[PDB]
Structures are given as structure tokens and as C-alpha cells.
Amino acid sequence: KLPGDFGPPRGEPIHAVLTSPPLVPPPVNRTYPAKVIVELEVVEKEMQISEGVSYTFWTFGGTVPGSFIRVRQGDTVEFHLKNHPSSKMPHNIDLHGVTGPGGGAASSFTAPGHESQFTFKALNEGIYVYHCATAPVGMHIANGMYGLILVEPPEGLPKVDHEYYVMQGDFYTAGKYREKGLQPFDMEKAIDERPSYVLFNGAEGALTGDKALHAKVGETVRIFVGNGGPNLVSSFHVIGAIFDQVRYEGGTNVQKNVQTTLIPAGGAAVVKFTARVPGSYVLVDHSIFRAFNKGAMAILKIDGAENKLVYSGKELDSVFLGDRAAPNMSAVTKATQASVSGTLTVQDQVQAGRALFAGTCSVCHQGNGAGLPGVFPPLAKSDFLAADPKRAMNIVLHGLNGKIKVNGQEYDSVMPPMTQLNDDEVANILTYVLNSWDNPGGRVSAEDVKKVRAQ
């Protein structure tokens, strides 16, 4: 027969359970081919792509990436696609792994309010991307319309202690990175493959802080990793560890002991990890400006005993992770909501700047503003800042070099410009500094920073 043909379906039809990221449906745990029924519903909706930044996502099952599907090589899959009547657009699905033109696209076209169905046999074992396939295909995929389908080998995968679901995507907003408000899709930036954000699981901090993945020393972790694109190839990397194994789609070839691996646009791989020592392990795109300037990091946090003979050093902090070392940045969300209301208090700006000050500023000036005598001027009880706080907006946007004196000490150094910070971010950071460590006090508005930018 064809390969993957294990005969016709036995027993009762199975209604497939799909999971929201970062979780995975359990092993099918069976020795016979089945008829599997899949209900998947498209929903269009605003969600936070970043703190105080809203985006209209188009989703399979309400999430980016969309719901995870798990079947067995040889299963017969009756695939129903519903387009929720709130949707303004039509949608369909192309599943990689499907043998058939469009991988289902033609038979799955679905207007708002309608349901579609088509049937396919899962001939090919492996991990596979699925995505919308509706003109214009790039826009559907950029708005979040992708996920994974696992087709298990008949004997199933080897048992591990944890299975997780992580999917990278490149996103195209009209506004610049961390510009606040509802951000429309930007076709220009997408055609040019110049994304404003590059994200795991549909948002900045989706898998950092309180939202990290978890395992214990001695446990094995399997991650199903997708690249939804639409455009970027991922230099997919784990910081501080190594993958025991990396297997692309249903490839016969299996790479072992690598830390860095290229994932094509539309590609998917299964990686295996064994926790050897505790701490935060970062998943990134090692096209480093994606990781550190566009949101492309996810954390795996390991619990257990130190092993001083393998690694003597300290847990990850804000020197490396910057503002994502913290549990969350809800203070930024809260301050942004207040601006929209017109009820922005000084305390709102202070708790938001406190969040944003980590790494961004603390790497030189320290957590406590103390600085380092002769090398990094203090921000704590600072005569320099007191003397002219309006110049602090210029110092942040445009930088500072030359000899200067601060609390009667000489500095001849360089503070790089930080023009990438948005007006609200400069304002809140500075309002926190002024209201910390016995400084003058007061406040800096977004409006004040806008004026100084424009000169």
C-alpha cells in the first residue's frame, strides 16, 4: 500500500481534544487506527501583543499559536472548521503533513458563521505547521493564523516528564516596537520582511517571569517548536543548555547535542532537553536583535539542588534579560490604561518606570541608583539631575559624553543615546528616578518628551 496505511478505522469515532499553548494533548496511547473528528473554530479578537499594546489577532481556537492537534499515523481525520460569526473575513486551513492539494485549503473555505469539512488520512508521521490559506495568505499568517499538528508514530514517542508547545512568529505593526495603543497590520513592513515584533506564543512575555515553563533537575522536557513565520527563519537557541535531540517534521535524520539550530519559515521541530542544574534557560532566535529588541525570548525555569562542580555561578538577572527578569511588567499595562482614561497619577508613572529601568538603566547606574564612583555617575540624590531635570530627557534620547561633575566627582565617559524608547517610556523612567532615592520629585509627561524629541 502507501506508507502509513494501517488499514481502515476500528472502534468508535474519537472526538479529538486540542490544547491551548503552551500545553499539548496527551499521547493517543493506542495500537489501532481510528476515525478522529476535529472541531476547530476561527476567532478574530484584540489581545495585548505587549504591555499597553493591542493588536487584532486572527486565531484558530482563540490563541496564537492556535490549538494543538494530536493524532496517530494511519488515523482518518474528519476535519471541521467553523468561522465564528463575529469574524469579518473568510478563512480555511492548510495542514502540512496532509497528502492532498492545498493540504485542505479548497475544501475548508469558510465564511463568517459557516462550518466546512474535509477528510484526510495521516500517512506521514511527524510535527507539522498548519496555517490559514486565504488570499492574501501573508496577512492571515501575520495576524496569527498558525499552529502545530503532531502525527505520532504507531508505537508513540518515548515518555518524557514534560511536553510543551512554543511557536515563533514575526509581526508587522504600523507603530514602532512598544508604541502604545491598538496597532494595525502594516503590509509595507511585511512585504519588506521588516517585523516590529518577533514573538513566541503571540506576545512579549508570553513565556517569561510568572509565565515561564517549569521542570525539575533530572527531568526530560520535549518541546514542539513551530515557526509560523510568515517570513523569518529562526536561529533557534537554548542559553545555558544543549538539546539532546532535534528532529525536523517527520525527518529520518536526528541531530544530537546541539545548542543552535535553523528553523525554516513554516518549519517545525521536536527538541529534547534534560535538566542538569537549576536556573532560567532562555529560548531565543539568536538573530540577537530579535531576541533582545523585538520580544523573541521564552524561559524554562528548573527547580532543584545546585551542582557546584558543574556550575558555580548565579541565576540569570536583568544584566542579561533586562526588564523580563521580573515576574511581569503589569505596571506598564496599568499606567497605559490610566493615560487612555486621562487618570494617570505620579504613582502610575513611578511603578511603570521602575519596571522599565531594570537592565535598560540599572546595568550601568545600578538597581539602587548608586552608580560606581569615578565610572558610572549616580542617579541617587543627584545634584547633576536636580540642577536641570529637563536635560535628563535630552540625556536619555541623545546620550551624554564629556567631562562632568556629579556629587563632587569627575566623569569623562559616554552614555549611548536610547532614541528607541517611546515618549511614555522616557517619561515614566524619569518620573520614577525623580521620585526615588531622595531626588527632587515631580513628573515628566509623554508630551514633554515628544517636544524634546522634535528639536
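In this text, residue numbers run from 1 along the sequence as written.
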Comparing average C-alpha B factors as deposited, tell me which of 340 to 348 and 240 to 248 sits higher. 340 to 348
149 to 157 set against 362 to 370, stretch whose average Cα temperature factor tops the other in the entry: 362 to 370
If I read the C-alpha B-factors straight from the PDB entry, which of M47, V426, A34, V43 is highest? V426
Among all modelled residues of this chain, ranked by Cα B factor, put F120 in the bottom, middle or top third, i.e. lowest, middle or highest. middle
Ranked C-alpha temperature factor of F273 among modelled chain residues, by third: middle
Thinking about Cα B factors across the chain, which third does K314 belong to? highest
Thinking about Cα B factors across the chain, which third does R70 belong to? lowest
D383's Cα B-factor: lowest, middle or highest third of the chain? highest
